[PDB]
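1. Here goes the first bit of my complex:
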Amino acid sequence: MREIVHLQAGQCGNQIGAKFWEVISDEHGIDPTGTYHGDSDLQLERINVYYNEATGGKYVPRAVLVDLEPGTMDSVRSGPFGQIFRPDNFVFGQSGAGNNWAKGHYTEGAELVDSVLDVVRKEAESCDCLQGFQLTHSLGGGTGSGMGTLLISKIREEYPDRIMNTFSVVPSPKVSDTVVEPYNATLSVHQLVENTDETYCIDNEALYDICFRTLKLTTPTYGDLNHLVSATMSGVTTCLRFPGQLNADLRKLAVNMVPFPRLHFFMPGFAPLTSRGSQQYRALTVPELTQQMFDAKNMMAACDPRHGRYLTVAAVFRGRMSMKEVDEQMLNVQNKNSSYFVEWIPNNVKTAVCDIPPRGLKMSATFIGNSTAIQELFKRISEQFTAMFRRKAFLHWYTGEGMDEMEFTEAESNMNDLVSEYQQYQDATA
Amino acid sequence: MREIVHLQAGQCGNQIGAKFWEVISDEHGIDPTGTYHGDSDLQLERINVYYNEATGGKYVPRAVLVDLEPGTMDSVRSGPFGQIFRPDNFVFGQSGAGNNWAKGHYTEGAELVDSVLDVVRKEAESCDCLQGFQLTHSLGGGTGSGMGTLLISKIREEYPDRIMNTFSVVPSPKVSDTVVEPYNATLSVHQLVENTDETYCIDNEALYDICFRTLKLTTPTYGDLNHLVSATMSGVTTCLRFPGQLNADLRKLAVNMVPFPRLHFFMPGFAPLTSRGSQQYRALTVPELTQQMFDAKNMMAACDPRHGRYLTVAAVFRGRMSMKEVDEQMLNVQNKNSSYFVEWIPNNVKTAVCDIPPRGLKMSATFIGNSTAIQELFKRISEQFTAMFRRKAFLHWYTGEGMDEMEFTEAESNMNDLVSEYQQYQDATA
Amino acid sequence: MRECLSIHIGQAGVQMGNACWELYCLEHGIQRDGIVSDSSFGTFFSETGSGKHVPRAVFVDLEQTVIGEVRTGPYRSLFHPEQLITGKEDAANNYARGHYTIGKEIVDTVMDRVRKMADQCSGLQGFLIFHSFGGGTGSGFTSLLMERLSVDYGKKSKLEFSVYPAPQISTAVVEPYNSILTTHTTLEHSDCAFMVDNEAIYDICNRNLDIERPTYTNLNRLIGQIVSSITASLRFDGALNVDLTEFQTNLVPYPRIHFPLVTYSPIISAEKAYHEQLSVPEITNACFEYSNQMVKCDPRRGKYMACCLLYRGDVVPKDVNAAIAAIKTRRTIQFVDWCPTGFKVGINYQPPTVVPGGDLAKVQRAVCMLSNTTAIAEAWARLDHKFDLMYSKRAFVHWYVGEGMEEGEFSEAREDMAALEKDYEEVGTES
């Protein structure tokens, strides 16, 4: 069967993974101890996708949890679903990265890179037909950006044919969490822009907005944001886990979504998102879901899609569906928003439908869009990068870890090319 | 099915709407929670006209409630029928208009105009065949006159083909509620005179008179006046909601009623209106209703119709009826009141009959008249306008919001043309 | 004698149609569910290979309200669902909307049904068209169908029943525009039109009938008997059968004069029936009195050009000749000089049936008259006077213009109407 191995690096990656496996395990009816207590036989039909079956019906997820400091991973052990992961997969270091890409990529993480590969290789061999790898991390952090890219380069060299998805949290436009994010992001993107096949950019600012207005949640915590990220993460892999009328695995999404190899940065979305107050007043039908997913107010990226054009779009539905409604609504969006798609691609929507809905919902959809508006995100990071690097604001920390200043300009130049390439295709033949 | 979306702006509009939806929901047998508990199957036949059906039989009216200050809308939430409207349609601002047209049209309301259009567009898309929009507001207020006209201009630019009715409360001749009404009314009319297809002028002075003598109500509150306004509002749209022998939708009324595009200001009326003391002593027959509707004592506008002539008249009956009686009585009014109709229109009455009567009544009728006497109303407002603007009585408040004095004279000149046009057609060919 | 197709357009036509088809089903004994609990009901019905008979009609309207009643009414099972064509937005009493903007969208759907209906006919006598002369859909869309039908079915009978605006009663302000515009577009295409006024029928219900509370369920029910008399010859056997095409050959001397008025006798209540013999002369003499004709125009004010007395029931041909002979010798009744022979007799054996709950009494003998009289010119003139009285000041022209129609069309319409008035003057005078 098709199989995936999950990698989570850093505080952001590990905490997202913890919520992600809570959602995945709940759908397949897995007890926190690892036992199976589901009701439908269709859950075990593809449980091999994520879980290795151990003796006694104890299903063990094949996830590799990496963090240069024990702190974050220690809480995962004591969490509600801590006792499901294999103890040996917790590859934790001691000296945590100081939020600098250099330490997590060259000095400290380089010592732990070999240990992680040992766990991953065992998982890859445990599979019968491995499809691809998944990485959850943040581009603004040290370990995630550093260790994540170091892992990506190494595994790519060892699994060139397979796929690797990257659910990466991206720095927010207005409010930042770390001072030196521009250096980490620019360097990290320089690695992802050539080593990963698809990326799912997410930013906390957009997720905060969704909770504030789209969900009317007064006190949102990371126990809430990570659920939306997990929900989108589960949607992308639903076809692998469950049957449907029109399926789309990870490879199918990548081929349709990526026109050119370097333009593989996407922006996800989810529907339906309704507050309990407004739940009663809204009808749950395909037409309603289509409007929300294409609404700029629901995108999980700060960049407003209306400021640019769509190269490719993918909507993965779940639950009982009507194919005619799906096609009609996609036809409406294609025509109504005439100028939001590049003409040189006659049709931009790749659809997929799964029979099983998520959790208690009777219907859901996950949105993926390869908009050119994301060029704005890279534009801002480069502007911030040049603002600091112009006079070496924080460069002595990176140079002291073995990095050379020539690398920063190479990353800057490579990043500038990506924006130029994006701008080129925003033009039209006529 | 034919569908309408309701807009209510300001304290006057919102409070009229609240009573309006109580009447509409009661006729269709809708529980205050939104559930349907009616007895006749004919109520749901056209419930799509006003209500969007949600899951569980909970019908949600597609009304947009706009007010620059939360105050008035807050009471609507706590009202008897507060829990029927969709929460997201309550587009309320914070800084309420200071009873000046400028603030509600240029500075404050202009910031909230975009938000309102988002709600309206969703409603318009929810319809299968949208007919037109309805606006309830007051011409003497700030938000209603300001925001209402700003909405009208915007939606007209976006829905030129469709219809837009405006049930506008007009300043009373003798007693006013606001000092600066003349400025707001003149500016507001300058927008309505070219952007709306039909208007239903109402004044509190006439409604107070109806309660005092025609209904013998000792203590009339706005809980009473808004019912008469709602009753007329329901009558105009009865044919859409229910069948009849001779139907007349909103478009049919406008085409018959409006000879010339700028003369689209009407004066409504209702029958039967009888006090409980006099209810026993009066017979309820078509001949009795016809006399009252054409009685100047029952008009909902201060202007006395006998001071002018009728260009077109429309009487929409409801309940079990006899077509012969309707035609005979209309023939009597046509001949008896020979000089009350302009000759250059051979016949001025457009009739319509609906099978279902309103509330517990077995028979009712709604009167609409495009009299030239309404020129008197515009004449008074212009006289008051020139009295103040002659020396800039309150002009610094309007000029401080971005308005230019040239706009006031343009509105004054445009208003003066309307009176001149009305006076022209009051003449006869011979 | 084979199929005649009925097209019911507008609220007036449809509401007349359900009254007519209710009458047709009772005559042939077809239950309200379409089951036939023998060889002559094929003119207006098609046998659905199962004992279920479908009416050969196309019901068209631009508003779902009227046709929605039929879909939910007792005769829901009777009609083919595809025949009940309905639009989205009404014509709003605007001729331009019903013809150009909203009419053009749904015209093709109607013609698709008509062609399928026509193909299943061994013989197609013609089309019946029920519509209101004044109104948006009933006058704008019918003009489209008349033009569309003419090109496809040239030289096939196209009969129409029109609710002419009453001289005194009116239920809409822009009827003169709507009525004159439709006349211009149907004069060349229509074969002949049977004119009925609501005011005239109201008068009959009060004087002849004893109903003090008539409704459109009464006018339409009475108007239904007119069509039944006209098509009885096709659906029943009897001496002097009158086919559908005999009307246009007899009642239309000139192509532009094809507006016969309607008259029906007897029309008496149940109580008043006991005190009347209702012999052939008694009913016949009523048809030529002003008090019974269904158009308020006074026949005595003009001259006749042709008449077709469609006798029905237990009637004797000799009495018909004697009664007709008595009429022709009247000095008050005048027939135009250039038409020595004016009457077109027609006799049928099937008596009129009694509609349960109706206001009309059971009569074993009835007569229906279709007459082409110059007195109808007094009705066109009032319409012409009511038109220029408004068009001089452009009373409502902006509504019509905005819907894709040119102002010049108004001028052409009246000019054509003006000639029609002149034609009646020319035919009404002889050396």
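-> That came through, no problem. Numbering: from 1, shown residues only, chains lettered A, B, ... in the order given.

2. CA atoms for contacts and neighbours, from now on please.
-> Noted.

3. Give me the three-state assignment for the residue nearest the centre of chain C.
-> By Cα atoms, centre = their mean, chain C has its centre lying nearest to residue C:161, at 2.0 Å. What DSSP: H, G, I helix; E, B strand; the rest coil gives for residue C:161 is strand.

4. Return the residues in contact with it.
-> Neighbouring residues of residue C:161 by Cα atoms under 8 Å, 6 or more residues apart in numbering or on different chains: C:128-131, C:193-196.

5. let's go with 10 Å and repeat that
-> By Cα atoms under 10 Å, 6 or more residues apart in numbering or on different chains, the contact set of residue C:161 is C:8, C:13, C:16, C:128-133, C:192-196, C:223, C:226-227, C:259, C:261-262.

6. for the closest residue to chain A within chain C, phi and psi?
-> Among the residues of chain C, residue C:88 lies closest to chain A, at 20.3 Å counting by Cα to the nearest Cα. The phi/psi pair for residue C:88 (degrees, to the nearest 10) reads phi -100, psi -50.

7. and stretch A:352-368, does that touch chain B?
-> No. Stretch A:352-368 is not in contact with chain B by Cα under 10 Å from any Cα of the partner chain; minimum separation 12.6 Å.

8. what residues does the stretch 251-400 of chain C put near chain B?
-> C:383, C:385-400.

9. now these: which count as buried?
-> Buried residues within those, counting neighbours by 16 or more other Cα atoms under 10 Å in any protein chain shown: C:383, C:386-391, C:395-400.

10. The nearest residue to residue C:98 once chain neighbours are set aside: which element?
-> Take residue C:98 and drop its neighbours on the chain: the residue closest to it by Cα to Cα, 6 or more residues apart in numbering or on different chains is residue C:140, 4.4 Å away. Remark: residue C:140 resides in helix C:136-152, with elements defined by DSSP states H and E.

11. which helices and strands sit right next to that helix?
-> If contacts are counted by 3 or more Cα pairs under 10 Å, 6 or more residues apart in numbering or on different chains; DSSP states H and E, helix C:136-152 sits against strand C:3-9, helix C:10-28, strand C:57-61, helix C:95-96, helix C:103-119, strand C:124-132, strand C:157-164, helix C:175-186.

12. Next, the buried residues of it.
-> Across helix C:136-152, burial judged by 16+ other Cα under 10 Å covers C:136-147, C:149-150.

13. Closest to residue A:357 out of those residues?
-> residue C:137 (48.5 Å; Cα to Cα).

14. and the closest one, what does it touch?
-> C:9-13, C:60-63, C:90-99, C:102-103, C:131, C:143, C:178.

15. what about 6 Å?
-> Contacts for residue C:137 (Cα atoms under 6 Å, 6 or more residues apart in numbering or on different chains) come out as C:10, C:91, C:98.

16. ok, the last one touching residue C:142?
-> It stands for residue C:98. No. Under the criterion of Cα atoms under 6 Å, residue C:98 makes no contact with residue C:142, lying 8.6 Å away.

17. Excluding chain neighbours, what is closest to residue A:239?
-> residue A:247 (5.4 Å).

18. does the one you found really touch residue A:352, like I thought?
-> Yes. Contact criterion Cα under 6 Å: residue A:247 and residue A:352 qualify, at 5.3 Å.

19. Quick check: bridge partners of residue C:4?
-> residue C:126 (DSSP bridges).

20. now the sequence for chain D, which goes on the structure above:
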Amino acid sequence: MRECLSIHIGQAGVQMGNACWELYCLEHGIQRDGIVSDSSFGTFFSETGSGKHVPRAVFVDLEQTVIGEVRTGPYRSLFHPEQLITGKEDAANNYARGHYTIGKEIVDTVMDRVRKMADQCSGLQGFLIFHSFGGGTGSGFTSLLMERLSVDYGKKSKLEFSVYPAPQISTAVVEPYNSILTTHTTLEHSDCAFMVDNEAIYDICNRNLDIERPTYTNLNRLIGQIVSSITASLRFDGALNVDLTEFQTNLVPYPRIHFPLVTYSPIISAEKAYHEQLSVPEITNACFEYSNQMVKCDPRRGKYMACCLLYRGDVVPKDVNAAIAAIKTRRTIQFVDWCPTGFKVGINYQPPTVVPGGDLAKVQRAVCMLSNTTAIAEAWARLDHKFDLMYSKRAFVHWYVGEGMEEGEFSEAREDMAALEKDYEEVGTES
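-> This next block brings in chain D, placed alongside the chains you saw above:
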């Protein structure tokens, strides 16, 4: 008349196959467990010496998901386990993967089964191939099978049912590449292809059928009736039997023009059936209307080159000739000059069966039309326009190139496609 072999490739083909085989079992009365609770079911079934009948099909896919449903579905016992061939990794909507990289690995396994299936046939009429024109496996692997089958089984009929990309609806971004590439590799090898569009069938489900919530269980179920009509002659007796090879001899004038479109009549709901006679002319006239054809291309926009009316049920040969004669005299319906005779009649006695729970009504009389019309050129042109619009900028070529395919193949594919468009132009004009 002996075996015809059905190969179902891809998610579309397999999901169509289970609908088709569900239909086959009911017609012959084979239960869902393969037991036969008489002499004509041998064309598509093999008797397993025990009263258990195995379908003569090979189900191939590169992903276990779709075939896994069949293995766990109600028809798990029906199919031979070795026939249900499945791969490891899907083709990912990539033609190159389905043809070169992952297709080459599993092609041999399929051919091994086909040879064993073929050997147990006294006579092998040909192969049926169900696939989606747009998609990785359904378009890349079928090209491999067509090439492999041709070398082994030259001059044996190879029929294929293809889901042509809808002109307006699309469910994948790289369909123009996938669809054009497969056309190039199947034009020389395939005998003829029956084209169906998802959008066209969606329209029928809404207008003809009253289903407001259609699903692929409805399209495939309706599409299954098309194949049943085509192969009824093999499986049943009746006047004017039409063997499998008569299609290629009649519907393919030139080797490169072998893409007939599909049409089926009647398609009516149970409620709407009561109001229709459904005589031979009624159903026949529907097949030639734009509103019923299963490809959204408008037939009226072009000319016909051949047609095969596969009548079925209680039908009379005389009515077939009369109905066909009426069609040929229509001026709107045009047949190319160089083909004086266009129709290929075929009549069968077995009426269509009713699938329980289906949206189609019970009809004692049905007709299926296969027509080769030049109007289909309007479908290839849109595909050609959608191809160069992307290939000029190399929209997705990197994915295809990396899978062992050369860029030059793209140029050759369009050049061959361009000639095909020219061919339809040449055949559509006469002096």
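
21. again for the contacts of residue C:161, chain D present now?
-> Here residue C:161 is in contact with C:130, C:193-194 (criterion: Cα under 6 Å, 6+ apart).

22. 7 Å instead, please
-> The contact partners of residue C:161, taken as Cα atoms under 7 Å, 6 or more residues apart in numbering or on different chains, are C:129-131, C:193-195.

23. now, among these, which is nearest to chain B?
-> Closest to chain B out of the contacts of residue C:161 is residue C:131 (14.1 Å), distances taken as Cα to the nearest Cα.

24. Would you check that residue A:315 makes contact with residue A:368?
-> Yes. Look at residue A:315 against residue A:368 with Cα atoms under 7 Å: they come within range, at 6.2 Å.

25. picking up where we left off before, how far away is the residue nearest to the centre of chain C from chain B?
-> 19 Å (Cα to the nearest Cα, to the nearest Å).

26. Residue A:151 too?
-> 45 Å.

27. and what of residue C:410?
-> 16 Å.

28. Is that residue within a helix or a strand, and which one?
-> With DSSP H and E as the test, residue C:410 turns up in helix C:407-427.

29. again with residue A:131
-> Using DSSP H and E, residue A:131 falls in strand A:129-138.

30. what about the strands in the stretch 251-400 of chain A?
-> Assigned by DSSP state E, counting those that start in this stretch, the stretch 251-400 of chain A shows strands spanning A:265-271, A:310-318, A:349-354, A:364-371.

31. what's the helix or strand for residue C:71?
-> Residue-wise, residue C:71 maps onto helix C:64-72 under DSSP H and E.

32. between the strands of the stretch 251-400 of chain A, which gets nearest to residue B:145?
-> Comparing the strands of the stretch 251-400 of chain A by Cα to Cα, strand A:265-271 comes nearest, at 38.5 Å.

33. And that closest one, what does it pack against?
-> Helices and strands touching strand A:265-271, by 3 or more Cα pairs under 7 Å, 6 or more residues apart in numbering or on different chains; DSSP states H and E, are strand A:198-200, helix A:286-293, strand A:364-371.

34. And for the residue of chain A found nearest chain B, nearest residue in space, chain neighbours not counted?
-> Of all residues in chain A, residue A:283 sits closest to chain B, at 5.0 Å by Cα to the nearest Cα. The spatially closest residue to residue A:283, leaving aside those adjacent along the chain, is residue B:54, at 5.0 Å (Cα to Cα, 6+ apart).

35. Find the residue closest to residue C:317 in space, skipping its chain neighbours.
-> Counting by Cα to Cα, 6+ apart, residue C:317 lies nearest to residue C:347, which is 7.7 Å off, once chain neighbours are set aside.

36. tell me what the strand holding residue A:131 is packed against?
-> Contact analysis of strand A:129-138 by 3+ Cα pairs under 7 Å, 6+ apart lists strand A:2-9, helix A:10-27, helix A:143-158, strand A:163-169 as its packing neighbours.

37. Look at residue C:306 and tell me its secondary structure.
-> strand.

38. what's the burial count for it?
-> 22 (other Cα atoms under 10 Å in any protein chain shown).

39. right, and it touches residue C:345 too?
-> No. With contact defined as Cα under 7 Å, residue C:306 does not reach residue C:345; the gap is 10.9 Å.

40. Provide a list of residues in contact with residue A:203.
-> Residue A:203 touches A:169-172, A:300-302, counting by Cα under 7 Å, 6+ apart.

41. Can you give me the separation between the closest residue to residue A:100 other than its chain neighbours and residue A:413?
-> Leaving out its chain neighbours, the residue that sits closest to residue A:100 by Cα to Cα, 6+ apart is residue A:142, at 4.5 Å. Distance of residue A:142 to residue A:413, computed by Cα to Cα, to the nearest Å: 22 Å.
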